[PDB]
Amino acid sequence: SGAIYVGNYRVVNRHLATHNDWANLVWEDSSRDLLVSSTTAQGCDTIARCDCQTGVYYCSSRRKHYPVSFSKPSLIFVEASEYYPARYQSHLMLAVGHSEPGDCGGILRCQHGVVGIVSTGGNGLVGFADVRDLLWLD
Ligand SMILES: O=C(CN1CCCC1)c1ccccc1Cl
Ligand SMILES: [Zn+2]
C-alpha cells in the first residue's frame with residue numbers, strides 16, 4: 007500500500023483505489039495502473055521534473071529503502087502473479103530489486119522529488135508507474 011499526496015491530489019495504484027478514490031476521481035488510466043483522486047487537505051509531496059534513471063524506493067516487504075537504477079518509462083508485458091496475468095502496462099520503469107504483493111504504493115524518489123510508485127515485481131525485478139509526465143499534478 008501507499009500513495010503520493012501533491013497539492014489537492016492523491017495518486018494511488020489504480021487496482022488499490024478505494025470507494026472514496028472513485029467517488030473523488032480526477033483521472034485514471036487502466037493501461038498505467040494509476041488513479042488520481044481529489045483531497046480536502048493539502049499534500050506535501052513534490053513530483054520530480056527530470057529524466058533521472060537513479061533513485062531510492064521504499065520496499066514495505068523488507069522495511070527498507072533501496073537505491074536503484076531504473077529504465078525510462080515504456081510499454082512492458084507484466085507476467086502473471088496473483089492478479090490478471092501477462093498484461094501490457096504503459097509508462098512503466100523497471101529496476102533490479104525486491105517487490106512482493108503488498109509493496110505496491112512504495113514511492114520511488116530522486117533528488118528532484120517523487121518519480122513513481124511500485125506497481126509490479128517478481129523474478130528479482132521491481133516495476134514503477136512513472137508520474138513525472140503528469141505536469142498537471144503540480
Ligand atoms: O504490491 C503489489 C500489488 N498489490 C498490493 C496489495 C496486494 C498486491 C504487487 C507487488 C509486486 C508483485 C505483484 C504485486 Cl500484486
Ligand atoms: Zn530526478
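Take 7 as the starting number for the sequence shown in the authors' numbering and just add one per residue. We put the beta carbon where it would ideally sit given N, CA and C, even for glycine.
From what residue to what residue does the alpha helix (DSSP H) around residue i run?
i	result
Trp142	No alpha helix (DSSP H) contains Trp142, which DSSP labels as neither H nor E.
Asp39	No alpha helix (DSSP H) contains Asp39, which DSSP labels as neither H nor E.
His21	Taken as a continuous stretch (DSSP letters only), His21 belongs to no alpha helix (DSSP H), as it is neither H nor E.
With DSSP collapsed to three states, give me the class of residue i.
i	result
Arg115	strand
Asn26	helix
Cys110	coil
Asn14	strand
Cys56	coil
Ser125	strand
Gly133	strand
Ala47	strand
By Cβ distance below 6 Å, which residues in the same chain neighbour residue i in space, the five residues on each side in sequence not counted?
i	result
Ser77	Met99 and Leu100
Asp51	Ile10, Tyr11, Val12 and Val120
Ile82	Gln95 and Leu98
residue 225	Residue 225 falls outside the range modelled here, since the chain spans only 7 to 144, and no answer is possible.
State the CB to CB distance for the pair residue i and residue j, rounded to an integer number of angstroms; the pair is presumed to be in contact (CB under 8 Å).
i	j	result
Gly108	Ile123	Wrong, their Cβ atoms sit about 13 Å apart, outside the cutoff.
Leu143	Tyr15	5 Å
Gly103	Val132	4 Å
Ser125	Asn19	6 Å
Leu140	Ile53	7 Å
Assuming residue i is part of the beta strand (DSSP E), what are its boundary residues?
i	result
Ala101	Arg93 to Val102
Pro73	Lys70 to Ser75
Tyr89	Neither: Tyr89 is in no beta strand (DSSP E) and is coded neither H nor E.
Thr60	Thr60 to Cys65
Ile82	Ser80 to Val84
Excluding sequence positions up to five away, which residues of its chain have a Cβ less than 7 Å from the Cβ of residue i?
i	result
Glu106	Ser67 and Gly127
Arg55	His118 and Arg138
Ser36	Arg20
Might you give, ordered along the chain, the residues of its own chain that have their beta carbon closer than 8 Å to the beta carbon of residue i, omitting 5 neighbours on each side?
i	result
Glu85	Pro91, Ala92, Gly128 and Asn129
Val32	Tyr15, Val42, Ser43 and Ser44
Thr60	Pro73, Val74, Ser75, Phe76 and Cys116
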